[PDB]
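As C-alpha cells, one chain now follows by itself in the form deposited in one PDB entry.
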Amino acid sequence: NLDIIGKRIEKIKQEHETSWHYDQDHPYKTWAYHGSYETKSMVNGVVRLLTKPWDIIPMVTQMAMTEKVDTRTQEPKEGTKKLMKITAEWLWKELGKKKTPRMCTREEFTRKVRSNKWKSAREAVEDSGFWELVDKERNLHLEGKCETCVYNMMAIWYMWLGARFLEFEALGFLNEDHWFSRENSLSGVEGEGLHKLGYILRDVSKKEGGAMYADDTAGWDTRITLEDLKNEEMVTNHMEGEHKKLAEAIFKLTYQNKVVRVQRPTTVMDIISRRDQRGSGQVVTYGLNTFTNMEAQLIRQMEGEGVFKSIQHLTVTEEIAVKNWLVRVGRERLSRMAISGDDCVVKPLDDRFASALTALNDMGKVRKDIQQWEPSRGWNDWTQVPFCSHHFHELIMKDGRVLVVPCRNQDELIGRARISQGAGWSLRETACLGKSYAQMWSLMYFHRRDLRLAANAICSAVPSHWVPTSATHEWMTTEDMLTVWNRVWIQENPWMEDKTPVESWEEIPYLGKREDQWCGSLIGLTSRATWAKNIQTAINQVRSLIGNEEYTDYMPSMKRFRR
C-alpha cells in the first residue's frame, strides 16, 4: 500500500509543502485520507429555434438547467471467489482464441488526440519533453514503482495525458482490436451501432428459453471488488515480455492501488487512496465492465441451472461440474446475452434465473430498484426490453422488408440536441453540432414524425457544405443522407436479404401514429401543427442569423411539403 502509494503522495506533498494540512474534520470513512493543500451546459440556439413547440415541455427545458463512492463492498465467500476465478480464466482463454494481445503505440495515440507546460493534449503530443517524462514513468513502471499516475475526481476520474498513454499502451488493444465484438465475445456488442442492437436483441429472442431479463446494477463502478480487479488482471497471463510487465504495472499500481485528488469546499484538495472500485479511462472501463458483467451473468445462469448449490464453499466435484458446464455450453450461454459495459439483457434457459440471486448479491452486483431477495421481473416481448437507453420497434416497409429501429422518449432526444458541451463556440460551430444531431435523427430516428421533420428543417437551415461536428457514427459526413441510409439499412445490413436500394425518403416508413404518440410525439397538438405548417419561416429566421451562405431546401423530401 504505502510502499506503492507513498512516492505518488510524497511527490504531491512537496509541490504543496507550504499548504500541507492534515484537516481533522475530513469526511472520508471508506477512503484513506492522506492530507490537504490550497486550491481554487449551454443551449444550442440553432436546434432550439427550430424546435419551438418544445419551449413549453418541462421534460425538455429542465434538461438544460442546473455518498455512493464513499461506500465499502464486503469480500465475497470462498465459493463465490472460486466461481469467479474459474469463469474469468475460461473467459479470457475464449476471448484470446482468435486475438493476440499487443502494445498500442505513440503513433496510434498521437493520431487520436489530433482527431480529438501545454495548453491542450494536441500540443504535448508534439513535444519531446512529454515523451521523456513518459519514458521516466515507463521505466519506473518496469521497476515496479509509480510517481505521476494520480486520479482527479470530478464520477469521471481524469489523469494527465502521460498516464493515459501508459494505460493505452498496455490495455488499448482490448478496444482497438475489438475483443468485445459480438463475433469474438458472443455476448458483446462493441462497435455494433444503434441500427444493429435491435436485430441482435431479436436474435437472442429466437433462442428457446424463458423471459428476457434486463436488471441494472445500482452503481456498478462502486461495486467492483478487489477480487474483480484480480480476475481482470488475468488477461496479463495471455501476454509476454515488456507488454506483460507494463500491463501488470497498470493493474498493480494504478487499478488495485489508487491515488486521487478531490476538491472540498470547507476550498482544499484532499489526497485520498483506496484499493477497490473502478477507476480507469472511460474506454478501458467499458471493456473490463463488459468482461466482469459477462462473468457475473454466466455465474447467475449457472445458479439458475443448479450447476452449484452453495456459494459458501464449492466441492471438488462442483469445480468439475462448473468447468464441464463452461466447456460444453459456455459459448451457447454467452450467445444468449447482449452486454455493453454495466448493461445487460439475458435470455436464460428458463425462469429459475429470476430467483437465482445468491452469487449475484454476494459478488456485490446488487440490482437497482428491487428488494435484494425479490425475484427479477422478466420481459415477455423483445420490443419492450430496455438496452443502452433504448427500446426497439419492428417496422415493415411498403415492400415487405423488415427494419428493426432504435427508439426512446422523444423528449430525451430533443432535450439532448438542445445542449452543447463547452463555451467559446462560434455560430458556425453551433450550427455544425445542430447538423450532427439532425443527421443522427435522419439515420436512426427517421421513423419518428417530429424528428424527420426537425432533421430536414435543421439541414435546410445550415449551409449545405458545412461539416457536422461534435460505437459507429455514420451520420458524421457531408455525403447525402439518403445514400448513407441505403448503405446502413440495406447494403451493409446482414439481416436484409433483398439489396434493392431505396430511391426516396417516401419509401421509408414511420411508426404507427399512436405508437409515435406513446413514444412522446406531439403529432395531434395545435402547437406542432403550426410549427410544421410554418416551418419555412423558422428555417428563414436561422438562415438570416447565419447569413448569405449556400443552403438546400430538404423539406420537399417529405410528401406534405412536396407541393
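We call the rigid core whatever largest set of C-alpha positions still superposes within 1.5 Å between the two forms. From 1 onward, residues are counted along the sequence shown.
- Deposited sequence between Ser464 and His465: no residues lack coordinates (chain continuous).
- Counting the unmodelled positions of the deposited sequence between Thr66 and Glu67 gives a long gap of 10 or more residues.
- For the pair 89-97 and 407-415, the mean Cα B-factor is higher in 89-97.
- As listed in the deposited structure, the average C-alpha B-factor of 169-177 and of 145-153 is greater for 145-153.
- The PDB entry assigns its highest CA temperature factor, among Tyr510, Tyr33, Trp54, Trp505, to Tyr33.
- Highest C-alpha temperature factor among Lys499, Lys40, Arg528, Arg514 per the entry: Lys40.
- In the PDB entry, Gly524 places in the middle third of its chain by CA B-factor.
- Ranked within its chain, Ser544 lands in the lowest third, by CA B factor from the PDB record.
- Among the modelled residues of the chain, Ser185 sits in the lowest third by CA temperature factor in this PDB entry.
- Split the chain's modelled residues into thirds by C-alpha temperature factor. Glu126 is in the highest one.
- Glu227 sits in the middle third of its chain by CA B factor, as recorded in the PDB entry.
We do not show the form deposited in another entry, though everything after this point is about it.
- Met444 is the only residue from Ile200, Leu133, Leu334, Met444 whose Cα shifts by 2 Å or more between the shown form and the other one, the rigid core being superposed.
- After superposition on the rigid core, the Cα of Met59 moves by 2 Å or more between the shown form and the other one.
- Put the two forms on the same core and the Cα of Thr30 is off by less than 2 Å between the shown form and the other one.
- Once the cores line up, the CA of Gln371 ends up less than 2 angstroms apart between the shown form and the other one.
- Look at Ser280 and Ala218: in the other entry their Cα atoms come 3 Å or more closer than in this form.
- Figure legend: C-alpha atoms of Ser280 and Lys252, shown here, are separated by at least 3 angstroms more in the other entry.
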